[PDB]
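[1] my complex, part one, positions kept as in the full thing:
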Amino acid sequence: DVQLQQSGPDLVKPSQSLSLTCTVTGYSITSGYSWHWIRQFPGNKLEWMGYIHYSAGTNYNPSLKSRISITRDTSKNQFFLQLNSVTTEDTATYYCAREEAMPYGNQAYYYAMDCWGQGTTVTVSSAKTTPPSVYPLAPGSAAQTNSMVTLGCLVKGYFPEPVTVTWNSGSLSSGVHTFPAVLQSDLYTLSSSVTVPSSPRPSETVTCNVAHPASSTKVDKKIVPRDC
Amino acid sequence: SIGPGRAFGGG
């Protein structure tokens, strides 16, 4: 079936160009009506950027004006987005979507953007890429109680976003809380919590998997008991 | 059947 996928830089320095690629799988770019580029600013506010018609013709949002350019490559089945003279107010999540004929009513049609990509985060900043420091959060108490027990991971001092944190490779899915990152001095700090039965830990092992693709960092911290 | 304001139509 049909699938759209964005790719491109996580970080771009101001005044530079931004090039994004949307790879379409299981459908031909010549088979659709139009192919869009839409972006979402932090705050969830959406802004449509432009599109390329199956006839290769285009239309762009006037606000973007002369900075945007959308092209394609029929042989590789990809359509591109180029944005010139970027600034910090261009930091957002970009999505490429397909507009297609939706057969509705008594044998008629209506065009809607029905299939979107996962989206790719793009941060425009001077700031240098920085790897995160992961710290285990073991309970300071002598486990003296019962019921459940809460453990956590502190991931700090990294740039840019995002960071992928998971537990026991994905085994631990329930009772997991990943708190949104919060910027402070060009550096992010985030934390994930996991509440598990007193039975498993420390008998069984709990591990938090942090992955920061921008720095290509992959770290595993085993939450081990505190003491001396 | 596309909107009146759309730069490109469908047929």
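    Perfect, I can see it now. Numbering: from 1, shown residues only, chains lettered A, B, ... in the order given.
[2] every contact and neighbour count from this point should use C-alpha atoms.
    Will do.
[3] which residues does the closest residue in space to residue A:137 that isn't next to it in sequence bridge with?
    Of all residues not flanking residue A:137 in the chain, residue A:152 sits nearest, at 4.7 Å (C-alpha to C-alpha, 6 or more residues apart in numbering or on different chains). As for beta bridges, residue A:152 partners with residue A:137, residue A:193 under DSSP bridges.
[4] just give the number of residues close to residue 2.
    Going with chain A. 10 (other C-alpha atoms under 10 Å in any protein chain shown).
[5] my bad, the chain I had in mind was chain B
    That count, for residue B:2 with other C-alpha under 10 Å as the rule, works out to 14.
[6] could you measure from it over to chain A?
    In this view, residue B:2 and chain A are 7 Å apart by C-alpha to the nearest C-alpha, to the nearest Å.
[7] tell me who's in contact with the residue nearest to residue A:137.
    A:136-138, A:191-194, A:223 (C-alpha atoms under 8 Å, 6 or more residues apart in numbering or on different chains).
[8] enumerate the residues of chain A near chain B.
    A:33, A:53, A:59, A:109-111 (C-alpha under 8 Å from any C-alpha of the partner chain).
[9] which ones among these are found in strands?
    A:53, A:59, A:109-111 (DSSP state E).
[10] widest-spaced pair of these?
    A:59 and A:109 (21.8 Å; C-alpha to C-alpha).
[11] just to revisit the earlier point, which among the ones in strands among the residues of chain A next to chain B end up buried?
    Among these, those buried by neighbour count (16 or more other C-alpha atoms under 10 Å in any protein chain shown) are A:53, A:59, A:111.
[12] can you tell me which residues in chain B are near chain A?
    B:1-2, B:7-8, B:10.
[13] drop chain C onto that structure:
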Amino acid sequence: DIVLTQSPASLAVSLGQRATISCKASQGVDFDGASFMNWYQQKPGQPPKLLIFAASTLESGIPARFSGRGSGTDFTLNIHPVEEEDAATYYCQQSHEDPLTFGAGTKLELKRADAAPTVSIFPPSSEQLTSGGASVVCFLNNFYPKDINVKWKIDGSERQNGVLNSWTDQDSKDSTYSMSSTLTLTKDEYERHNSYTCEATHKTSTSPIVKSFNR
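    Just below you will find chain C, in place on the chains above:
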């Protein structure tokens, strides 16, 4: 440009209840007896999903508890009965003309019974300490409503220097909220005090909820 104005920005509804979000275009979006108004739903960490197009037509795979009506400039989306997996943001989008414009969106937060937090406090890792820093963190998980007040106290005195609080969206499971508060001090500043208290104030308790530890 056609400005789509959605009301309200957010609304709380109990499951079973009826939720109705409105969307208003600054100009009529009709043509050949067809309203060029669509609706998308977006859950956190995901792309907008199409729900209804042409004002009232549902997409494939979308349950009939979703309805949409209107014409001209006024349109509304209706959910009944509101299920647990409906918590998300809903945007209306007009295809009447180019440029295509969206609405600001409406956050649908689910209503449930009050729930007190499960507070957990954590001293800094010895691993972080060697690097000369110290982050004492405090988790406040699974509470309802999201209204909560977090205060830190070093040796009885308040402390706001160095604190960073973060909030998770509503959980699509139990419909609760969670929050982490991190106090970051230098290795030295940390060693210059004893009692570290993470004190919370929630609608579910007359007195403050408190977790603490001493060095």
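[14] take the neighbour count of residue B:2 again, chain C included.
    Residues near residue B:2, counting by other C-alpha under 10 Å: 20.
[15] what's the closest non-adjacent residue to it?
    residue B:9 (5.9 Å).
[16] how near is the one you found to chain C?
    On the measure of C-alpha to the nearest C-alpha, residue B:9 and chain C end up 11 Å apart.
[17] now do the SS call for that residue.
    coil (DSSP: H, G, I helix; E, B strand; the rest coil).
[18] kindly list the main-chain dihedrals of it?
    Recorded main-chain torsions at residue B:9 are phi -100, psi -180, according to degrees, to the nearest 10.
[19] ditto for residue A:89
    phi -70, psi 10.
[20] ok, now which ones touch it?
    residue A:124.
[21] what's the burial count for the residue nearest to residue B:2?
    Residue B:9: 12 neighbours (other C-alpha under 10 Å).
[22] assess the claim that it and residue A:111 are in contact.
    No - here residue B:9 does not reach residue A:111: they are 10.2 Å apart, not a contact under C-alpha atoms under 8 Å.
[23] pull up the pairing partners for the helix or strand hosting residue C:51, direction included.
    Per DSSP states H and E, residue C:51 falls inside strand C:49-53. Next to strand C:49-53 in the sheet, as set by DSSP bridges, lie strand C:37-42 (antiparallel), strand C:57-58 (antiparallel).
[24] quick one, helices of chain A?
    A:200-203 (DSSP state H).
[25] mind listing what residue 1 touches?
    Answering for chain A, as no chain was given. A:25-27.
[26] not quite, go with chain C.
    C:99, C:101.
[27] so how far is residue A:65 from it?
    Applying C-alpha to C-alpha, to the nearest Å, the value for residue C:1 to residue A:65 is 14 Å.
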